[PDB]
Amino acid sequence: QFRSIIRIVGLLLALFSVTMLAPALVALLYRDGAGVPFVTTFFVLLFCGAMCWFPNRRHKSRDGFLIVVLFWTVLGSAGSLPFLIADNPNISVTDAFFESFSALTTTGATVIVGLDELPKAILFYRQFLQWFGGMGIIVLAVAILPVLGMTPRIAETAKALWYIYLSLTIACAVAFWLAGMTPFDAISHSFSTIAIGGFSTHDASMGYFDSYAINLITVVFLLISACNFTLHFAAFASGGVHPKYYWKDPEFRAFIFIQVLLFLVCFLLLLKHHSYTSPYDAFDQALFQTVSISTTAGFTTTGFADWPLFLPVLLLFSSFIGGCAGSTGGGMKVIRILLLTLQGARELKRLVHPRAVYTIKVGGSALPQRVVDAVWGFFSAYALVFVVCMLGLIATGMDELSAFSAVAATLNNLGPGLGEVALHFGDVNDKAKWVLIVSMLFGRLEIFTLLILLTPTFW
Amino acid sequence: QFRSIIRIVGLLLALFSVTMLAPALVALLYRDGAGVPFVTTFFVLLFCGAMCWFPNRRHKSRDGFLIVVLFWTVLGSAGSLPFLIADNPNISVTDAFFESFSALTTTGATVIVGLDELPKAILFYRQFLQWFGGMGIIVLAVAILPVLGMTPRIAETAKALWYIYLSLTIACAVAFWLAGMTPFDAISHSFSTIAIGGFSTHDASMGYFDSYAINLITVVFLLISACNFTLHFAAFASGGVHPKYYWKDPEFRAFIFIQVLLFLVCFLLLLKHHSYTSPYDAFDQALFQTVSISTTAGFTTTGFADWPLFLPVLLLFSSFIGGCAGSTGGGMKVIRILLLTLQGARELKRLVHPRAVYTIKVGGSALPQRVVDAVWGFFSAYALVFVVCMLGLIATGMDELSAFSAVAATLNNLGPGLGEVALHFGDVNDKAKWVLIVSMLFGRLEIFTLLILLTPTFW
Amino acid sequence: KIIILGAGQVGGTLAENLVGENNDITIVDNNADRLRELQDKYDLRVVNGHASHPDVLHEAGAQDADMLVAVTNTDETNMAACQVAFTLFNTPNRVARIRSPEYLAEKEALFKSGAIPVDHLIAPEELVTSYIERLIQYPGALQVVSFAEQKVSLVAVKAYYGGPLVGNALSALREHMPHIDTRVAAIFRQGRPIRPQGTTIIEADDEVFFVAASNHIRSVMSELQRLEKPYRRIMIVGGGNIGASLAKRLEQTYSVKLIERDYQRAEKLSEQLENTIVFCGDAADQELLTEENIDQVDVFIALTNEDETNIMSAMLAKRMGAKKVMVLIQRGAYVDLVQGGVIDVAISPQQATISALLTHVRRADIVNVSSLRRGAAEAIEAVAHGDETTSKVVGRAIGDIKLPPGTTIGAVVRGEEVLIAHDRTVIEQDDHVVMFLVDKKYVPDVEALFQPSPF
Amino acid sequence: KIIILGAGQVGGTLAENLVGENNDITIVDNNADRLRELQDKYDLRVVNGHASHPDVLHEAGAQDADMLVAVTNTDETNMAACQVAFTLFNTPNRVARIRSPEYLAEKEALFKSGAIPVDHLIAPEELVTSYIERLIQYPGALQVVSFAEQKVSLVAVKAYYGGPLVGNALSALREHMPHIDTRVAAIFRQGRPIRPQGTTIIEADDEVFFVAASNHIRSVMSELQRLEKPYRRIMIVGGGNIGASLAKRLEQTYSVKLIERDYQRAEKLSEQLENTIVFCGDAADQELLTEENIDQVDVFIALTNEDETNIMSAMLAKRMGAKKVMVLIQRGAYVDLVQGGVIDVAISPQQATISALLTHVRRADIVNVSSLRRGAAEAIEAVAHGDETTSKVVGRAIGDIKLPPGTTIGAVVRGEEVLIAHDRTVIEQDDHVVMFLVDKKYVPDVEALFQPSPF
Ligand SMILES: Nc1ncnc2c1ncn2[C@@H]1O[C@H](COP(=O)(O)OP(=O)(O)O)[C@@H](O)[C@H]1O
Ligand SMILES: Nc1ncnc2c1ncn2[C@@H]1O[C@H](COP(=O)(O)OP(=O)(O)O)[C@@H](O)[C@H]1O
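Protein chains in written order, with UniProt numbering: chain A, 2 to 61, 66 to 154, 174 to 483; chain B, 2 to 61, 66 to 154, 174 to 483; chain C, 2 to 456; chain D, 2 to 456.
Here you go:
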């Protein structure tokens, strides 16, 4: 039932128009920052929402793919207007689409240099875009399961998640502002530490602040926010039924295993090279950089200047196994890697028991072969999209190793990539900048919702 | 039925002793270099075979696993002994085990420097070990397929393969000697270009014989030897029944696709940088280095001095998708990658039409879900063995990036890895040298035959 | 909070009309079909588990549950479930569906709530499906639906050749009962609708729809009962728990021939059923129907397990000479499809319970609330919502409304009094309007007509 | 070159003994059973697809390919199957299976004319019954196999209480036929073997093993037929195509009581079978067997589909009083395990044909060629290979050979003459020696004993 979607697109960018007022209000409060574009975009987008709003088929599968693809593409193009209009960050239309999509698609990639001396309105709207697409992630991925990767209501959990997602950004902005942060920077950095985005109002990201405490708080709320929000729902409903309901979930166990292993290997390697003069500093910077990049957040506290190149390469590779399935960000979620391990173990267990019936058991329950087949269709789509994106960047003349890093940074929704990229996407080739936008779009929707559109069998 | 294996072990090393006599005779013929260790080793090996043969016993699945693991390990140790005895390459016991295993396990890795000025016996016996383990590979992987990813006669094909394997090395040593190669170096380099080994009598690999013809011949017989020998059987049985039975096998099609793509991307990249002054040179060196490393052969014609750093890394990564499933020498076989692609496409097509029965059809036939489950159990075991090998090398103090390269060179049975362990493995840490031997053993056994033995449930 | 139970065919319909109106609905099916159906359904959530173990019940039992509707396929288990619920948890008002039927014969003390069932009201599939007797009892009656409380009832009757309705002009029907205030909604003839103004009722296929107060409707139906010569013979092709009990209920008053495919079931029936000639053969072959006076049978009831066998056998008995044809459809897509000229009436066992029990309870109000039947027609019960003149339809007169095509207002229920619709009357706020569509694809258009400008 | 065809109830077993030819062997079964089972339990070739389309057949070769085996459940398909091969592919040596048996009735005049399509050679799986009939005669004849092209025959007889063997010492049996040169191999008593020379045969179910030339065996078995009173009561517990045709073959000469569990099959038997009392009940319940004179039946034959039902029912009829018990075992693992003493004889349809055909099949001369029976016992036909001294055993005397424990040489065949190998064993022997093991796990050692020093 194609072409009856425009009603939803209008109703959607009308909500997105309403969201523009809050950053404009923040602009008025400070009174600096050229907030005229925010009200301009408010009017242009509310007008666009009214222009195409004819109810046709309301109510009391192949369309939903074209719904969420437009929920990200349309909303990115709509959010690309404030950067296009304003003057203080005078950036090309391409840089505007890039910054808007990356802000909304949760990928920490940026193309504006000089964030410190920037209008507090714009770099607030950036973190608010991250927060918005942060809600959008969990509202989609938990409540739309054609591609999943005793059962409660859709809307009651659609708002229980919103309540957790707000008690978290509050509990984190408070601790940030308690650790010696402007309440503005505290809100702007909780919008991006809970959504697992990677944005900051400073050119140094989380390196501008130099406090052990903010680093530990970011580590804590990154682990909390990368965790499956459906599992936090157990911590919300009726209050504290257990505090160790987490450790029962084998996805949580694999996540903590990965984080601890990658941490202590990065720490030992950070000590073999004497990269830091004080082991308490190697500990701090290791724990923060592992928890930031492994969990696909994208925050950085150092320039990797003294870091042996293995550690940045290992962190970039670890960005593939990102956040848990029921949470923001990530590339191939940790549960697909737990499934990979479990299936390898099954094939091992068939060593002496050919006639035995082994089944992929996750937390006591068995998995249907369709889901387990989908996880590896996803691995195949990830790989065969990665290669095409990398060859596309290389074709546009981009540096090759740098292309491979930018691809692994965008497809994973990281999004700081090592090499010629870290950290500004300014001097990137323009065509390669568009191919990057396509890749970061691929990162959301789990690489299938968008890939299907290219398939001939769809049309 | 443990301890009934000793008879086979004795027979195997007795045959090995006869093989040892042939290199010794070549040593006496050329009048240089120590043939005395060869004769001494022959006597020791035959004595061990009789001391271990004792009297055979009753004829009679786990036994087969023990047989193949014992076969590779025992013959590698046997090869180690000849080096141990001689004086001209005065090398530690570890360097001797390394060179013997790498010669026999087809991994082109070497730890002896000064190959040119070496006894023609030793550097002949090295290529002969490569030739021997080449037969071992194709005879096992084609004739021992229970859990080792129409049935004709076992022995008639066990020797039809040997006939193809000799009709190839003859025509290739001949084309070499027609290219100006020394008849010694022509035999010694067909032993290693057909067995897909990577060994040479010269420190410069195939640089010493710097001929366009020799390079093109190596490329041709590497593609031929990278092809599934079962498919060559169709070109042999009842004469030349078809010459294009190959193009029906979709594994061949995927192999040619991979080789052509990787070739022309390496060539275009080798031209964007003007790395070579003459396109006739860029073509030669690109085609030869891709065909050598992608097919896991391990030959090198250049030092990557003018090569952009992306290309050696791309070749190393391509060494994972090695030869065909029946062919000699491989990492994860190309057919497992065609299966991965087919399954990704299947899941994509099954997302548009959810209530549909799709099956992975390869060449018209459907694949049982057990085989398709085994291919991904293999991918998982490969990955989780790679990581353990890398962390083991790193633990012994080896350079990290170099560890990742040595692992990808040995587990793939390449075996020249870029970086610290670039041209020679001689200065590699000793513990890391043992972990390397273990890794190449894992890679020869298809990551399962050995991993199974470590499990307690086996015994 | 309202909970329902079981995998029973009916529960789904109980889970569609009841939704909304400040009550949160929960369904607890049993394991397989219940999981799908549960997953499939609009609104409220489903936990998959046996409907008698207390652990699955604890979600409902003490957390302010409003009404417990325990409807299950199996009765003996359902009773144990209802008692486990009562004795373990409060569950103050509960409902149980048991097609025992033997238990229905004796309510005793168990249905007195001392022990075993502790239930307010029990719903039975069999006696509520025995409205088929009311259909055979009232000759030429295709359907009856009710609106508002119990005041107005729409009825769909058929005029048979040789009946009293053939040839008589609609003005004679209106003058034969000058004290009856009825309103003819529409008349379907050969499948196509017709505008009724005082026309002559063609014998072969005229279907006449009455809209009037239930007292008047029951009086015109009693008068047609008196005039039309009653049915003498009846034929049944199903051996099931419904067919058997229907043969039992009919054999005393009519001559019944029953057909079965299962030899042992036929034998068990011939033992149980006296005065009922029980056969053994497929309902499909003509060589049995013609040989058994198919040309002389009056009513042919098809109660097979398979719906398609019912439809085809009964369409064949209709072709061969049966006067009235009835089938048992367990798939709403089929009942919406075959209940036309060929098949006089299809009895969905879900709607047979739903219409009767749901209509009395709560008088559910929604801008459009439909009663589901066959044809391109539909019968809805619009509610006039909005201020006196704020709404498109409130305060204005029936003759002035821009109703969709074929849509005819039949009656207006004002509180406790019923008025037969006329262009002289004016619609009031919170007035129940009984309507009738000829093409049901205009159901939304009527909703838009009654949907005010959003606040 | 050998081919057999799918799926094959027996054919698979026809695929294990026949592989001894030096020339190439191929077996192609019907589908997965032939391939998967076939590849796992078999050695060199095969094949696929339903029969009898021509596409599967050309794989056999048929370019002067010598062996074709048309194992088929149904005859009508089998004839066409062999014909498509000859016409399209022209396979020279052709063999067929027909259980029609009206065609089996007329094929001696039809098939022995040359007009018949392609299958002059025949093999019926249902002529094993004749062997059961021979077992019912010659009372107390558990088994016979023939070695050296039927030159020498080993026989396993059972001594029943009241028979002619009870009480008589083996010397009296030796003196009752002074013109017969036989060799008592071994005597199993209560399961344990015993040294037999000059011992009194204990009446309770003694099993005595003769080994002699075919003339001597054919004479002593006829003499035992003459002395022992023949069987008169036979009970069968299977309604199968084998059981029915056996009842047909037996009913005229014996009083047959047959048992079936499927009523309709029992009715069809009672129609077909005259003079045979056909029952309807489980072969397991005693309440029928005792009620039916189970204590007085002579031969109890079990021809059920399931082996375990045969074994258990027949062990129960053996406990209750049956003199001889026979079963139908479709798993050699069972016949090697249960059948001694408790179950007198099992008719493996595989070994029933194989024993005769392998003997007639050339050449069956290997260092060890095994004909296998019931129990741990063994009967082998070792071949002494090697020069005057290169072999452990050629030229030397049996009393000087270090034979495994319990192993007793029964006869020695040279050419056309047979010697009983008494004492010194004067011999010519390049030539074939017939042995008898008590424990068959010593078969390889005898191979080692007869295997010369490897070159
Ligand atoms: N073609 C047919 N003609 C006559 N009877 C039929 C036919 N198909 C099914 N039936 C019978 O319907 C009878 C009762 O239906 P049943 O299966 O008991 O319904 P339920 O599944 O609800 O218990 C059975 O005796 C069945 O044999
Ligand atoms: N106690 C029993 N249990 C099972 N089957 C029995 C028993 N007694 C007799 N039978 C009969 O054995 C017969 C099987 O004969 P057979 O011809 O082998 O079956 P099929 O034709 O399927 O091969 C069936 O009639 C089966 O009912």
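Virtual Cβ for every residue (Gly too), placed ideally from N, Cα, C.
Asked: Considering only heavy atoms of ligand 2, does any lie closer than 7 Å to the CB of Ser246 of chain D?; Found: no
Asked: Since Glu418 of chain D sits in a beta bridge, which residues does DSSP pair it with?; Found: D:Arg415
Asked: Following the continuous alpha helix (DSSP H) through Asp41 of chain D, name the residue where it begins and the one where it ends.; Found: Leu39 to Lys42
Asked: Is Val346 of chain D helix, strand or coil by DSSP?; Found: strand
Asked: My output table needs one value for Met68 of chain D: the three-state DSSP class, helix, strand or coil.; Found: strand
Asked: In terms of residues, what are the limits of the alpha helix (DSSP H) holding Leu259 of chain D?; Found: First-last for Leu259 of chain D: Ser256 to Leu259, but that is the beta strand (DSSP E), not the alpha helix (DSSP H).
Asked: Can you grab the Cα-Cα spacing for the pair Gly244 of chain C / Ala357 of chain C, in whole Å?; Found: 21 Å
Asked: Could you tell me whether any non-hydrogen atom of ligand 2 is closer than 7 Å to the CB of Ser314 of chain D?; Found: yes
Asked: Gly81 of chain B by DSSP, collapsed to three states: which one?; Found: helix
Asked: Does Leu155 of chain D come out as helix, strand or coil in the three-state DSSP assignment?; Found: strand
Asked: With DSSP as the reference, label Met313 of chain C as helix, strand or coil.; Found: helix
Asked: Quick one: is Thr254 of chain B near chain D, going by C-beta distance under 8 Å?; Found: no
Asked: Using a Cβ-Cβ cutoff of less than 6 Å, which residues in the same chain neighbour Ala323 of chain D once the five nearest sequence positions on both sides are dropped?; Found: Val298 and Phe301
Asked: Can you grab the Cα-Cα spacing for the pair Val198 of chain B / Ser216 of chain B, in whole Å?; Found: 14 Å
Asked: Once the 5 residues before and after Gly239 of chain C are set aside, which same chain residues still bring their CB inside 6 Å of it?; Found: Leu304 and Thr305
Asked: Should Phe129 of chain B be flagged as near chain A, meaning a C-beta pair shorter than 8 Å?; Found: no
Asked: Quick one: what does DSSP say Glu150 of chain C is sitting in, helix, strand or coil?; Found: coil
Asked: Mapping the DSSP letters down to three states, classify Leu89 of chain C as helix, strand or coil.; Found: helix
Asked: Can you give me the C-alpha to C-alpha distance between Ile384 of chain B and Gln367 of chain B, rounded to a whole angstrom?; Found: 7 Å
Asked: If I measure Cβ to Cβ from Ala63 of chain C and keep anything under 6 Å in the same chain, skipping five residues before and after, which residues do I get?; Found: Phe90
Asked: Measuring from the CB of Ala398 of chain A, is there a heavy atom of ligand 2 at a distance below 7 Å?; Found: no
Asked: For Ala405 of chain B, decide whether its Cβ has a neighbour in chain A, counting only Cβ atoms nearer than 8 Å.; Found: yes
Asked: Mind reading off the beta-carbon distance from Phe291 of chain B to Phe307 of chain B? Whole number of angstroms is fine, and I expect it under 8 Å.; Found: 6 Å
Asked: Following a CB-centred definition, is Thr305 of chain C positioned closer than 7 Å to any heavy atom of ligand 1?; Found: yes
Asked: Can you name, in chain order, every residue of its own chain whose Cβ lies under 6 Å from the Cβ of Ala61 of chain C, other than the five neighbours on each side?; Found: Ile4
Asked: Which whole-angstrom value is the C-beta distance of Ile142 of chain B and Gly34 of chain B, which I expect to be below 8 Å?; Found: Wrong, their Cβ atoms sit about 28 Å apart, outside the cutoff.
Asked: Could you pull out every unbroken beta strand (DSSP E) segment of at least 3 residues lying fully inside the UniProt domain "RCK C-terminal" (143-227) of chain C, listed in chain order?; Found: 153-159, 183-190, 193-195 and 208-214
Asked: Give me the Cα-Cα distance between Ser85 of chain A and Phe102 of chain A, rounded to the nearest whole angstrom.; Found: 5 Å
Asked: Under DSSP, the beta strand (DSSP E) around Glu382 of chain D begins and ends at which residues?; Found: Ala380 to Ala383
Asked: Going by other Cβ atoms of all chains shown within 10 Å of its Cβ, with 16 needed for buried, is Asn276 of chain D buried or exposed?; Found: exposed
Asked: Which value, in whole angstroms, describes the spacing of the CA atoms of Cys281 of chain C and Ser101 of chain D?; Found: 36 Å
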